[PDB]
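Only one chain is shown below, in structure tokens, and it's the form deposited in one PDB entry.
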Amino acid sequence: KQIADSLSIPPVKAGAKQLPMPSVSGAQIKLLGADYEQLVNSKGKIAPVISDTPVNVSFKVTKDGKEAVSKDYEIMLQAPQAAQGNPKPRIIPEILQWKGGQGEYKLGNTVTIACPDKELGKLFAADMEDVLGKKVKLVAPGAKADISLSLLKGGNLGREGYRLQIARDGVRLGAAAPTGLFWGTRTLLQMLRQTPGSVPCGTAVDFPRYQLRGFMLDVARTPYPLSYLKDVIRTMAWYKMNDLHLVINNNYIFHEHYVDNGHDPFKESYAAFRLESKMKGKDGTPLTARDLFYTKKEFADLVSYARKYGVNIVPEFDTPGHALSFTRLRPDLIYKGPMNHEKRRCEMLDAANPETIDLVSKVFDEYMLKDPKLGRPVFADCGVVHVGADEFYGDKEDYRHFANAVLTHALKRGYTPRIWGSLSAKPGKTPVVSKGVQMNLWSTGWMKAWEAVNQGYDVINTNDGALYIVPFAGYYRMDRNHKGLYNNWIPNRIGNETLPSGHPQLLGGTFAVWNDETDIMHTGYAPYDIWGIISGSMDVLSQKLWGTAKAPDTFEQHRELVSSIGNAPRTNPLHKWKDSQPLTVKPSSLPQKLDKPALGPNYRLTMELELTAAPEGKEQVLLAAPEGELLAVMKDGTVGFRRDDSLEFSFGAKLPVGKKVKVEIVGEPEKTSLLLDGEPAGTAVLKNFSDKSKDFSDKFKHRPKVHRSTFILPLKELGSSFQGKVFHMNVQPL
């Protein structure tokens, strides 16, 4: 142990093909690993590089019968001398290796692409057409082509690496595997976004330092439509991130708010399970969420779509904590033992009870075993399934029994389980399986990194202090620390612990958006409202997950480059129009088809209309599209709207019946305002949850501090169910 502690790694000869092993007579020393396994394999063989590249190596020392691992030692692999030529193109994430060439390759008026993968070819070509505004055509593999993609045999590129060579006779993108081909297309498209007319000659060789480069989204505590998730997928792939963890069930955190204000959280707290399910509780209430859910076909197709983009989707069912969706099915299976946070008992499943593992395993089997309609499991393309198991505040040995059981069930079904690390705060003698188990290291206090590694888990840096975002909250504000993360964050530093970067049990890292301030705390923020902080986090963390331990530029230069490269191809997350030209419609009869794209802020909608009948309790839709509905009359008679995340908002004002009126709706980020005849009629307020807390006194301190009300303007159909006349309509992007 002392040997590894004080090992001395000398400089590597320029061009050496084998790493010299350190020698100490008392013990045995072997390579623990290199952060770039592609450059130094487990046996110490060093692959050639085309530009100087740093590699961190670390060693396992065995003295007597004791083992110990060293710290990281940085070595510098040196390329042979060259004329250097063109500078390295600036990409996010950075291209690892580059040898510049001479001149440019000029793109023609039309572009041809040779691709052995038909699906990749079609996707790449449509992305190219969107980025270039030119016609792109797929030709036969092996035929003359401007851009030729091929699979290479042998080599060190692995599943995700690629070699991109640009010469005067065209572009050649080679990869050991189609995933590397896809990443190479991402690189080429980012290049063409900066200079669409030509690309610098030279050779890039590129591959990731970490194989798991992930994002976790809490889609349980507030809803997200599939369209937003597809934006997320394409933008992750744009920055070469590849692991999307979706929280399928969970519930409002602060049950004590209900308890302390005289209400039962078991009856009142928001809870959601987001997949279509046959499961129904004792009272007959379904497991599947009512406000928004994904069908089994929708989820399987979403997984396959993400796979097209090189992204693995990981679904999480969270038990035995955070399981109010399950205890509502089986209230007899509520945990009855001692616990911290006793007012949150209603979400705790009876971990030691055999009927609990029966229920949970049945739910898992609905998606892990063959589905009769799909002819295959809903999770057939999910190699990893997350079994949750965070923050169970009850008995340690009960918890360990249950966690072992659910992990074992996933493994027996042929899936790789991922779990929230909880075994430092829940130690015990009940064995918890570790072989083949992945683990999010989210809290040092719940699970020490070195303890997790020594117990045999494959670990993912998910540390709450560095990587957690709770939107618009007073804590976990990683969205405010993007510069610090860019300059300082590395995947192998996990809180106050540092693993060697080449440790074989370190898979990479994941950042997380947790929607704590929801239900009766919900300010009405939309998915749109966090897009900037999500994308921004990606454009920083992608660099540190794919690239080296040092940022290639300053944070400010990085964000300049982010702006120059732009959004993912065929992705319009802020719902902007191509040009700021207004839309004017004189309607002839209602309903009237508009077939215009939805419009995000900022905008002004102006209408001259007359509501001619308002039957009580009847909803009247004035504008509609998949993105939402503008309701001239809601069930309570007011003007309002409903978004594609199912959240409903009211302006608190009513249209007059039988009177011409000028309606103006002004959409800004987090605020939509209504004016009637030029007079401020109101600002929209979220309606979904406030009725539960309406009669709480001011001893309750957690009302929404701001009323947010973003509205993506729907413009597919006018007057779907409007009982009135529309004389004039104008939509002005601002």
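Superpose the two forms; the largest set of C-alphas matching within 1.5 Å is the rigid core. Residue positions are given as counts along the sequence shown, with the first one as 1.
J.: Quick check: 616-624 versus 340-348, which has the larger average CA B-factor in the record?
T.: Per the PDB entry, the higher value belongs to 616-624.
J.: On mean Cα temperature factor in this entry, is 59-67 or 27-35 the higher one?
T.: The stretch with the larger mean CA B-factor is 59-67.
J.: From 502, 265, 315, 196, can you pick the one with the highest C-alpha B factor in the entry?
T.: When the deposited C-alpha B-factors of 502, 265, 315, 196 are compared, 196 is largest.
J.: Just to confirm, going by the entry's C-alpha B-factors, which of 275, 449, 368, 152 comes out highest?
T.: That would be 152, according to the entry.
J.: Looking at the entry's B-factor column for C-alpha atoms only, identify whether residue 668 ranks in the lowest, middle or highest third of its chain.
T.: Middle third - that is where residue 668 ends up once the chain's C-alpha B-factors are sorted.
J.: Based on the entry's values, in what third of the chain does the Cα temperature factor of residue 693 lie: lowest, middle or highest?
T.: For residue 693, whose C-alpha B-factor we compare with every modelled residue in the chain, the answer is the middle third.
J.: Splitting the chain's C-alpha B-factors into thirds, which one does residue 104 fall into?
T.: It belongs to the highest third of the chain when residues are ordered by C-alpha B-factor.
J.: Quick check on the deposited entry: does the C-alpha B-factor of residue 86 sit in the lowest, middle or highest third of its chain?
T.: For residue 86, the deposited C-alpha B-factor lands in the highest third.
J.: Can you work out whether the C-alpha temperature factor of residue 712 puts it in the lowest, middle or highest third of the chain?
T.: Bottom third by C-alpha B-factor.
Keep in mind the form deposited in another entry is missing from the figure; the text below concerns it.
J.: Rigid core as reference, CA moved 2 Å or more between the shown form and the other one - which of 258, 392, 367, 270?
T.: Once the cores are aligned, the residue moving by 2 Å or more is 392.
J.: Once the core is aligned, does residue 62 move its Cα by at least 2 Å between the shown form and the other one?
T.: Yes, the C-alpha moves 2 Å or more.
J.: Determine, after fitting the two forms on their core, whether residue 12 shows a C-alpha shift of 2 Å or more between the shown form and the other one.
T.: Yes, the C-alpha position differs by at least 2 Å between the shown form and the other one.
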